[PDB]
Structure formats: C-alpha cells, structure tokens
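Trainee: Take these chains first, placed just as they are in the complex:
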Amino acid sequence: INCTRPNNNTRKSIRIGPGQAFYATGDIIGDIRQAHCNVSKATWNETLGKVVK
Amino acid sequence: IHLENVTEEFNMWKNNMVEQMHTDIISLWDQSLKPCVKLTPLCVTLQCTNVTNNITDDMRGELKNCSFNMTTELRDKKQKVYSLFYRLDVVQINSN
Amino acid sequence: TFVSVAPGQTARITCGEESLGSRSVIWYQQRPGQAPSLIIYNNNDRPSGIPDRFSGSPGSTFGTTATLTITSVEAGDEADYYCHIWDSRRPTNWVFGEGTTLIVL
C-alpha cells in the first residue's frame, strides 16, 4: 500500500511565550490536492480470494 | 532452543502480557508529553475565512484560514497571526 | 509596456499575476484594426499556422510569472500580446491579461 499527502506545506513558527513555540501551517505551496492511498487491484482480489478460500 | 517431546496448551485470548504491553504503551505514550507544550493560550476566538482557492459551491474546502490574537513573548503586547486548520479540528461558535 | 530589441533578436514578455497552482497559460496577439489571433493554447504548445519560437513558460511551476520567450523577432510578429492564464487555485479570469505591446526597431 502507498499513501500520500501531495500538499507541500510551510511550517511557520509562532512565539507563544518565553521558550514556547507553536508550529502552524503557513502557505500551501502549489496545488491543493487530496491525500489518498493506493493498493494494487489484482493482488487485493487475489488475497480476497485466498481469505474466502 | 528447541524442546523435544513437549506439548503445552496455549490461549492467546486469555493470555497475559498483551494487557502489559497495552498498559505500557499507553503509559509510555503519556510519558513523552510531560516536557511538551500545552496549548493553553491558543484556546481563543478564531476568525476563519476560506482558503485562497477556486471554491466549488457543491464541494467544500477542507482548509480554513484562521487569524487570531496570539500572546507574544512579552506579557504586554499581543500580535495578530494566521494559520491553516482543517474542518475536523475547528467548530463554529454562535454576519461574522 | 514595451520590449525594444533589434529585429532578429531575443525577447521575453511577462504578463500577469505570479502563479499559485498548476497554470494553463494561453497567449493571444492583437493586430491593430483587426480581431486577434491565437498564438499559444497550452503552456508550451503551438497550433498549426503560427511558427515556432513563441516559447511559453512551463505552467506546472509554482510561484513564477508567465513569460513569452521570443527569439529571432521580426516586424511581421508585431502585435499586442495577451496572456490569459488558467490557474488551478485562482478562479476563472474572464477579462484577459493587460495589453503587452511590442515595437520593433
């Protein structure tokens, strides 16, 4: 299985207090795409046949 | 090492040491958080607008661009800073 | 907006906002007194009828400006260029990009 977030993010530091840092999201560099995963169709059908067997 | 001519009955369901591993991984998950930072000053009113994007009215943006007052390192001055959050992490409190 | 080089030289013509997502820039040119003519319809493609060396920008690049690289210019190419970008993040631009003219020596 392959899994990805293709969005290129920018970590931005925000100073809360003395020695206190909050790491927020800055810019979305590029396209706004949806995170997803891939499995192989054929081997998943194969393993489902095995588990039904 | 292998043991010859021996037979023991096992049971993974009434087994111990899955209880021990569950308790130890929970407690060890907790113990790596005591040096970390509490978000006490971040529970604050978030003025959230949509992310800069071609908005489709049928679908929804899964990111909100939220600006808020943040306390600075000085206890006198506060600043205005923005961030990006997901829909699943913010809720609207009841125009503006 | 003008680009003044000798006829037969290199020229670039930038037009519009810096890129945000995956663009699809479309370039036109305006002859005076006539309706326009397309020159570029994809990021770096060209149709039949217009010759080469209208080298567009790669519109799959983030945080850049849509150029129009024209090497070996001539007086027959003299028109008013127009970018018309299709940014994936920004919405549909119904007006074209501003008139980026060309004069030749």
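Mentor: Structure received. Numbers count the residues shown, from 1 in each chain, chains lettered A, B, ... in the order given.
Trainee: The closest residue to residue C:55 other than its chain neighbours: what secondary structure?
Mentor: Nearest residue to residue C:55 in three dimensions, chain neighbours excluded: residue C:69, at 3.9 Å (CB to CB, 6 or more residues apart in numbering or on different chains). Using the backbone N, CA and C atoms, a C-beta is placed for each residue, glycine as well. Going by DSSP: H, G, I helix; E, B strand; the rest coil, the secondary structure assigned to residue C:69 is strand.
Trainee: Does the residue of chain C found nearest chain A belong to a helix, a strand or coil?
Mentor: Using CB to the nearest CB, residue C:62 is the residue of chain C that sits closest to chain A, at 4.2 Å. Following three-state DSSP, residue C:62 is assigned to coil.
Trainee: list the contacts for it?
Mentor: A:8, A:29, A:30, C:19, C:20, C:21 (CB atoms under 8 Å, 6 or more residues apart in numbering or on different chains).
Trainee: so who does residue A:13 touch?
Mentor: Going by CB under 8 Å, 6+ apart, residue A:13 touches A:21, A:22, A:23, A:24.
Trainee: The nearest residue to residue C:75 once chain neighbours are set aside and residue C:11: what is the separation?
Mentor: Spatial nearest neighbour of residue C:75, chain neighbours left out: residue C:104 (5.0 Å); criterion: CB to CB, 6+ apart. Residue C:104 sits 9 Å away from residue C:11, going by CB to CB, to the nearest Å.
Trainee: again with residue C:101
Mentor: 12 Å.
Trainee: Kindly report the residues of chain C close to chain B.
Mentor: C:20, C:87, C:88, C:89, C:90, C:91, C:92 (CB under 8 Å from any CB of the partner chain).
Trainee: go ahead and place chain D:
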Amino acid sequence: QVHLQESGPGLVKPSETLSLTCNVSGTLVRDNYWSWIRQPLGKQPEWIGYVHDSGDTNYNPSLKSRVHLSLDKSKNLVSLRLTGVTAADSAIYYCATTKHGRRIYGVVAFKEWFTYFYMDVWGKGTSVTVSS
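Mentor: Chain D added:
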C-alpha cells in the same frame, strides 16, 4: 478555410436591448462551441461568454442577468442579445468559435482537473458606439 462575419447596428442608442448576429464560414453552428468577446479602444478584451446547445450556457459573472447568448440553427447563425447599454459598452464586439481541453494535476477520479478554453479563430468586428 474558416472565417467569421458579424452583423450589428453600428449606431447605438442607450436604454435599449442590443443585438448581434454571427454568420459562419464552412463550419456549421450545430457542431462547435461559440463565444462572444468584447474589447474597448486601447484596452484588453473582455470575454462576454461561451454558449452551445444542451445546457452549455456559462456566462460572465460581471453581468449574469442582462445578456442572452444563443444560436439560430434555422439560419446557421449565432445570436447575442444585451440589455442596458451604457458608456462602458462602447466597444468593438467579436464572435468566435472556441474549443476546450483538460489540464490534469492530480487524481482524475477526485475531480482534480479543470477545463481551459481557447479561441483560435476570431471575428471581424462590430462597433457598439453609444450615442444619445
């Protein structure tokens, strides 16, 4: 060989529905998409809108209420109708055949693609010169 042929009044009176028709040259009105594009004097053009049969009726968000693009398939012409001519409407107007495409940057099943539109041919012109 494909060109175009506009037709309109030329001398334009305000507070009046405006009309334009676009003749064809070889290419019939049924097949391809259509578009109207206006341009003032010394300005960048303003694409009025693309129209076609079967629901392809997407217009400019500048107007949205006072323009009507359609065809004339009995005569093999294209029709534009306008409402409320003002001083900004003094511009030369163009018909065009447009075409489309796809620009893909992610998973196609996640609707991560958009359609561009390009006008490869262009019209000849009709001047909407407002005068009262």
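Trainee: What ranges does chain B have for its helices?
Mentor: B:18-31 (DSSP state H).
Trainee: Strands of that one, start to end?
Mentor: Along chain B, counting by DSSP state E, strands occupy B:47-50, B:63-71, B:78-86.
Trainee: Could you report the neighbour count for residue B:3?
Mentor: By other CB atoms under 10 Å in any protein chain shown, the residues close to residue B:3 number 7.
Trainee: Contact partners for it?
Mentor: By CB under 8 Å, 6+ apart, residue B:3 has no neighbours at all.
Trainee: Work out which residue lies at the spatial centre of chain D.
Mentor: residue D:36 (1.3 Å; CA atoms, centre = their mean).
Trainee: That one sits in which helix or strand?
Mentor: In this structure, residue D:36 sits in strand D:34-39 according to DSSP states H and E.
Trainee: Quick one: name the residues of chain D near chain C.
Mentor: Residues of chain D lying close to chain C by CB under 8 Å from any CB are D:4, D:42-47, D:60-62, D:94, D:101, D:103, D:105, D:114, D:116, D:118-120, D:122-125.
Trainee: Would you mind checking the residues you listed for buried ones?
Mentor: Buried members of these, counted by 16 or more other CB atoms under 10 Å in any protein chain shown: D:4, D:44-47, D:60, D:94, D:103, D:105, D:114, D:116, D:118-120, D:122-123, D:125.
Trainee: which one is whichever residue of chain C sits closest to chain B nearest to, not counting chain neighbours?
Mentor: Nearest residue of chain C to chain B (CB to the nearest CB) works out as residue C:91 at 4.5 Å. Nearest residue to residue C:91 in three dimensions, chain neighbours excluded: residue B:54, at 4.5 Å (CB to CB, 6+ apart).
Trainee: following sequence is chain E, add it:
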Amino acid sequence: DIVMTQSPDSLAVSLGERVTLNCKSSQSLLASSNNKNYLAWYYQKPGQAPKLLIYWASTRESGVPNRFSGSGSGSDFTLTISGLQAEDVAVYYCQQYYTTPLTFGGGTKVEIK
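Mentor: Below, chain E sits with the chains from the block before:
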C-alpha cells in the same frame, strides 16, 4: 529456526594467494555460559564424505595445517585461508550446532580461475 546464510555463492580465484569467506547466522550462537562459540566449518570434496576444518568456531582440527583460521564471534563468522592449495578447492560449509535442528550453510564452491 536458525537460518545459516553464506554470503557468496562461489569464489573462483588463482592459486597461491589468500581468500576469505563469511557465514552469517540468523541467531547469535555465542554461548554465554561457556563463553565459547558454535561453528563447525566443514570441507566436502567432489564425491567424498566431508571432514571438519574448524571446531568451537575458531580452532583447527588435527590433521589440518596452520593455513586456516576460523575467526569471529557473535553472529557473523569468517573462515580465512592464508595460502590456497590444489587439495583445497572444493566446497566449504558452516554449521551451527547450538540447537536442534542442525542446519548447515549453503555451500560456497571454491574452484580455480
């Protein structure tokens, strides 16, 4: 069980110069009680019954001259030759005798190039 994996499959060299061979184990064979380690390096000729070369993972057998050296402890082991002979160019083996089942190595067939 315990997997004994020899790292090369063959080694065709010239005669006279030294070589070296390795056997990795899937399990640390170093007996903590005896502080001594469990490899049998064997030598099988073509069509012959094998013989021991190295016992206790380091010590040569009687009848074997000084030109062999079993070396290394822990999990990865090395048989280093100092001078190749014509009597030596056949298959070597590594064996764990730490547990049942007694598993051998793959067998590195050393011949003359």
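Trainee: The contacts of residue A:13 again please, this time with chain E.
Mentor: A:21, A:22, A:23, A:24.
Trainee: Residue B:60 now?
Mentor: Residue B:60 sits next to residue B:87 when contact means CB under 8 Å, 6+ apart.
Trainee: thinking again about what came up before, give the pairing partners of the strand holding residue D:36; include direction for each.
Mentor: Paired neighbours of strand D:34-39 in the sheet (DSSP bridges): strand D:46-51 (antiparallel), strand D:91-96 (antiparallel).
Trainee: just those: most buried one?
Mentor: strand D:91-96 (a mean of 24; mean count of other CB atoms under 10 Å in any protein chain shown).
Trainee: Just give me the neighbour total for the closest residue to chain E within chain C.
Mentor: Across chain C, no residue is closer to chain E than residue C:60, which sits at 46.3 Å (CB to the nearest CB). For residue C:60, the neighbour count with other CB under 10 Å is 17.
Trainee: and if you look at residue E:12?
Mentor: 10.
Trainee: Kindly provide the distance from it to chain D.
Mentor: For residue E:12, the distance to chain D equals 53 Å [CB to the nearest CB, to the nearest Å].
Trainee: can you tell me the helix or strand for the residue positioned nearest the centre of chain E?
Mentor: Among the residues of chain E, the one closest to the centroid is residue E:41, at 3.4 Å (CA atoms, centre = their mean). Using DSSP H and E, residue E:41 maps to strand E:40-44.
Trainee: can you list contacts of the following helix or strand past that strand?
Mentor: Where DSSP H and E defines the elements, the next helix or strand beyond strand E:40-44 is strand E:51-55. With contact meaning CB under 8 Å, 6+ apart, strand E:51-55 is reached by E:39-44, E:60-61, E:64, E:68, E:70, E:79, E:92.
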